[PDB]
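Q: Mind having a look at this structure? Questions to follow.
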Amino acid sequence: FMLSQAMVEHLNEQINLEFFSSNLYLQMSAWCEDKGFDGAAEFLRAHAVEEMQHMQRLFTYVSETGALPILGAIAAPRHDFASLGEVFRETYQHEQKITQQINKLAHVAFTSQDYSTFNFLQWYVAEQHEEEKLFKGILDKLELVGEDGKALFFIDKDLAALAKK
Amino acid sequence: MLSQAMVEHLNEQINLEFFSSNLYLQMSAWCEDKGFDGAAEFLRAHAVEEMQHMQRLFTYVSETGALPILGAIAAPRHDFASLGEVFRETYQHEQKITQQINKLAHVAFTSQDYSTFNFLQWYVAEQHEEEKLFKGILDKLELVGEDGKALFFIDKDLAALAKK
Amino acid sequence: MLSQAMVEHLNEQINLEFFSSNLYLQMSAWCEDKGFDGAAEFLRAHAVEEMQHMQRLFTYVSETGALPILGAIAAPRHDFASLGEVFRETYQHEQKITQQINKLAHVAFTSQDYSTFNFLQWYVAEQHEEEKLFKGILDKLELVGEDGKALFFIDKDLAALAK
Amino acid sequence: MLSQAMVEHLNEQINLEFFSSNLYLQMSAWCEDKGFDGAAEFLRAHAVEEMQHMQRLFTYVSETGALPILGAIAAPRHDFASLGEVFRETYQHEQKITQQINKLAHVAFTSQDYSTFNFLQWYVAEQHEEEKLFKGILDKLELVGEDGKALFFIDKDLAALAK
Amino acid sequence: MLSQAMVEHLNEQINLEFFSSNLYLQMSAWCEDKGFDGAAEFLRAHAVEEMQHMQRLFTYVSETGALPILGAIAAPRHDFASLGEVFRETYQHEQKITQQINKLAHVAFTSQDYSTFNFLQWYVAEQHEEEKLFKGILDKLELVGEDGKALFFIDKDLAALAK
Amino acid sequence: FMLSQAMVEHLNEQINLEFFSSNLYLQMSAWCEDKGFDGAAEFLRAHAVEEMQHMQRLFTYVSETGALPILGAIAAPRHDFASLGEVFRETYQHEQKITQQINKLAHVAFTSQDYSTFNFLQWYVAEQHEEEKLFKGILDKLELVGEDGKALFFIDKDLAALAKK
Amino acid sequence: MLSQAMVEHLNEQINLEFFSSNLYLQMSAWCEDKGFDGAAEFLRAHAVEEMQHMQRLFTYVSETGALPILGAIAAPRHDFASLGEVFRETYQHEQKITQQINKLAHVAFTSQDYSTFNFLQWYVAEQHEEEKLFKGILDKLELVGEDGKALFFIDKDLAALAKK
């Protein structure tokens, strides 16, 4: 009753998206590991964990309103990538998609006067702000040093450091 | 290292473990929705542990030099007729996992993949624990029955079980 | 500066919160009278909590430069049929408060009073918590029933919730 | 679920372990009776250890859902010729236990009962330890002989081993 | 020096205590098999306690200079009708042990074996404790009944008693 | 009596192999040091020490069964290598040989129903799992950054770090 | 730096030290096999220390810029007629080492390799200790003889000696 039926559906859709996102990042981390980029792998693995916490936070919110969060089938994430650079370009694009989705979600909550859900989404709005700075910076590195083996060797070390942080 | 067949089997188990976690998570939501917070807390913790079983296997495959593949995770059922059905289903599900681990252990052995056989022993031990735990819950339902007051007390026990 | 109308909206909410507090205090006394000390304890603490919601708004209004005004507070109902009714009434009441909070929020936004909208966010969040809490109690009544033994055990859960 | 046959194998081992414990306790009493307190202490602790091996198996069987069954326990020998014989009998007995454990392990594996195989690994390891321990005592008897002064010093080593 | 007859009395009690321990262990397994983990835990600890009573007597006999003798231990009953029967059997059994202890005490006194009489005083005291404990459990069964919900709550009390 | 005579022989053979392996790694470390790769040297030196502990653990196990472990003559390890990369390629190959030997050992223990020795070898089975990930990662580094002087300079620093770990 | 001749001599000593460690290790196994655990513990510790003497020398050669070369390590004998023979052999072996260190010290001096002469002083001091220790063990055997009870007590002393 606290959530409109249409809002429960939007939130459930975001829950499934976040879940898939976590799995994509995890699958990507396995690619990096496979290709000898352990720093990238550690970074993406931690990022997958955090995305799973985003999904969990939504799942919990939905239940707390008295509605029923519902996981559907999670699609199989892509597992073959061309290069480390492509992995992080795909991640950046994917994060932009997430930001766009969270923003649409906020707009819907607002235009329907669901101030509670609007209030709830502020955490995500803020969190996606941090994400884009982080992932753009990685692309800026690749742009700066290039994508030859030596460049990737050093970038991989910076990713290892970002993970521990 | 790992045979291609072994990699496929391990990836299938990684996928099942992921599904299992999602099943327990979905179940915890039904429990909470119906007011069984103890059950919901217990199931949530189990969904976390199952996700760690998933990760451990994922990491093992990677460490052998193979590429683990998550695949598509099936949708878990999201409705149950009663709290009893929830835990009858968890029990049957855990037996399935135990059976699947055993087959895997068998495939590892019969192909002389002793490293994988050794790895799988942690899971073999864990499932022994899992089965005692869930059988004990069914035993409770059987004992007190499944009326409202019964479930009320069983739910309290579940909340206690969750805290550890 | 708060609009003349917004001051009136806030002042009315101050009055509603005050009455809400007294309603819960009166209910706690019914509970204690009928031997439900767990329930009395819980509602007693809830009445205090609500008095704090009142105070927070009162202070906000004062700090904007406006004058909060406590009107007259109606007498709360003191006659209830059963413990179940007490908690159904409370859940219903909490839903009314939630709705009033949402209206205030909407009027603040509509007014481009971003300050008051911001301020009300604490309340929006609190009400999310409150409804989960009270629906949980109705669920327990539903599960266990409303016979004597049932109420006996629910009252225990209420005392624990109180702590 | 443990096979009907595996339950019987485990139950029989439970019984063997129980008797083994009693055998060592009875031997400890012979030792104390003959003035070998070191040896009595050592065997007494060994009887407790063996009772624990028993309990571990008993609990395993119960936890699988099956029913462990303590049968009747035969009376252990209480008449021994000498301290040397006591410890030769124990070494021989430990070898029998080791062999039974290995058979159980083999039956578990053969059955594709990977759970019980896994469980038995603790026992396989323990028996490795035990045989080194008991062979060490026979070696000492061999080295020193079995005259009174000899036994006097060996008994001291046994008390120390007990700690 | 213990009389030939007193050694036999003590040895027989050693055997009874051993069987008593095994009886309680077997019962604990029935309990766990039927889903009464509280009861299993309680009886399991009680079996250990009884094994200690056994050991204490065993040691006493040895320390007098006599030879304790573990005879054969019969198989305990493993088939019970219900939790209630398990605990009625235990209370009955404890009463038998109490009576045997009293007979031993009387034979010791009659023999002017003041040493053994003195020794048995620990047991006389323990049995006083034990009977209060076990009668308390029968009283609870009487109060609550033996339906499923009843047993559910009694099992909780047993687990607590175990701690 | 606990070990079959054939098993004592297999275990003694593994003991001599482990000993030679330790010495090979030690000799390799001296080559790295000689060629100015102190990080590699520190790494290989520590690896030689650990292999000596593997051998020691087997030696002790054999004695504990009541059999007699026997060291034969240890062959002279190769001391002339072409490059750092060859050193680590040889190490990786050698580690694969060790893994294969441990596996054959496990199979023999099993097929002869020596569950005690089978149980004992599980430690080695697990340990060799770790080894191959470690040494493959080193080859992946060489593959990534190349084998020019600058590349080896940076790889040598990573090996120094792996050693302290 | 080091003359080629000096490098050869040092490498030969590295090889002897490795062998020595293996001899004591092999001996410790015979001791344990015959039930002399004290002797086996004492000899095991000595095998560890000898392996450190090896390493110290290995590191010195490397540090001078030369390449130390391990060579093939001879097989140590693995059987002995009695515990007494074990320790008569250890004594003779230690004297050989002492003699070899002295020759080395002499070669260092006579070629004015003062750095190597200085390095070798640690070994010169250590062998003085070694000889007191092992001579003292023979003195024990001589004193109590080599019957079973004698060896039993000597073995206890050896276990004590090992603990430090």
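Protein chains in written order, with the entry's author numbering: chain A, 6 to 170; chain C, 7 to 170; chain B, 7 to 169; chain B', 7 to 169; chain B'', 7 to 169; chain A', 6 to 170; chain C', 7 to 170. A prime marks a further copy of an entry chain. For every residue, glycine included, the Cβ atom is placed at its ideal position computed from N, Cα and C.
#1: Do you know offhand how far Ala-11(A')'s Cα is from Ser-117(C)'s?
#2: Within 9 Å of any Cβ in chain C, is that where the Cβ of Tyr-129(B') sits?
#3: Is the shortest distance between the beta-carbon of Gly-41(A) and the beta-carbons of chain B less than 9 Å?
#4: Tell me, which residues are paired with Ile-79(A) by DSSP?
#5: Report the three-state DSSP secondary structure of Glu-137(A) (helix, strand or coil).
#6: Within the continuous alpha helix (DSSP H) that includes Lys-40(B'), where are the two ends?
#7: Does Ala-111(C) have its Cβ less than 9 Å from a Cβ in chain B''?
#8: Going along chain C, which residues have a C-beta under 8 Å from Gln-118(B')?
#9: Quick one: complete beta strand (DSSP E) runs, 3+ long, within the region 8-64 of chain C?
#10: Evaluate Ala-166(C') with the Cβ neighbour count: other Cβ atoms within 10 Å of its Cβ, from every protein chain shown; 16 or more gives buried, anything less gives exposed.
#11: Determine the burial state of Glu-38(B''): buried for a count of at least 16 other Cβ atoms within 10 Å of its Cβ, exposed for fewer.
#12: Give the single residue among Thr-65(C), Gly-44(C), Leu-89(C), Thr-70(C) whose Cα lies nearest to the Cα of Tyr-120(C).
#13: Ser-26(B) and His-99(B) look like a contact to me (Cβ under 8 Å); what is the Cβ gap, rounded to whole Å?
#14: Between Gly-77(A') and chain C', is the shortest Cβ-Cβ distance under 9 Å, so that the two count as touching?
#15: State yes or no: is the C-beta of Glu-132(C') within less than 9 Å of the C-beta of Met-33(C')?
#16: Does the region 7-23 of chain C come within contact of the region 67-81 of chain C, defined as at least 3 CB pairs closer than 8 Å?
#17: Let's see if you can read the secondary structure: which residues bound the alpha helix (DSSP H) around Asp-163(A')?
#18: Mind pulling the chain A residues with CB within less than 8 Å of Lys-138(B)?
#19: Could you name the residues of the region 79-95 of chain B whose beta carbon sits closer than 9 Å to any beta carbon of chain C, in the order they occur along the chain?
#20: Is the closest heavy atom of the ligand NAP to the C-beta of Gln-32(B'') under 8 Å?
#21: Does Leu-147(A) come out as helix, strand or coil in the three-state DSSP assignment?
#22: List, in order along the chain, the chain C' residues whose C-beta lies closer than 9 Å to that of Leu-149(B')?
#23: With a threshold of 8 Å on Cβ separation, who are the neighbours of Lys-40(B'') within its own chain once the five nearest residues in sequence on each side are excluded?
#24: Pick helix, strand or coil for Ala-72(B'), following the three-state DSSP scheme.
#25: Residues of chain A with a CB under 8 Å from the CB of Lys-141(B): which are they?
#26: Mind checking which residues open and close the alpha helix (DSSP H) that includes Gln-106(B)?
#27: Based on Cα-Cα distance, which residue from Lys-141(B''), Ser-68(B''), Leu-8(B''), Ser-9(B'') lies nearest to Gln-101(B'')?
#28: If we cut at 9 Å on Cβ distances, does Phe-6(A) have a partner in chain B?
#29: Taking C-alpha atoms, which residue in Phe-42(B), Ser-9(B), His-52(B), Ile-20(B) lies nearest to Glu-135(B)?
#30: Taking just the CA atoms, how far does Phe-42(B) sit from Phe-158(B)?
#31: With burial defined as no fewer than 16 other Cβ atoms inside 10 Å of the residue's Cβ, what is the status of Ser-68(A'): buried or exposed?
#32: Output needed in chain order: residues of the region 41-61 of chain B with a Cβ under 8 Å from some Cβ in chain A.
#33: If you run the structure through DSSP and keep just helix, strand and coil, what is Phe-86(C)?
#34: How long is the line joining the alpha carbons of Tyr-97(C') and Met-57(C'), rounded to whole angstroms?
A: Answer, in terms of the structure:
#1: 24 Å
#2: no
#3: no
#4: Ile-79(C)
#5: helix
#6: Unbroken run through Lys-40(B'): none, as it is neither H nor E.
#7: no
#8: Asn-108, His-112
#9: none
#10: exposed
#11: buried
#12: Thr-70(C)
#13: 6 Å
#14: yes
#15: no
#16: yes
#17: 154-169
#18: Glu-69, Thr-70, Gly-71
#19: none
#20: Absence of the ligand NAP from the depicted structure is noted, as is the absence of any ligand whatsoever, leaving it without description.
#21: helix
#22: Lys-40, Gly-41, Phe-42, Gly-154, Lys-155, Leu-157, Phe-158, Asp-161
#23: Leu-89
#24: coil
#25: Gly-71
#26: 89-116
#27: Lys-141(B'')
#28: yes
#29: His-52(B)
#30: 8 Å
#31: buried
#32: none
#33: coil
#34: 18 Å
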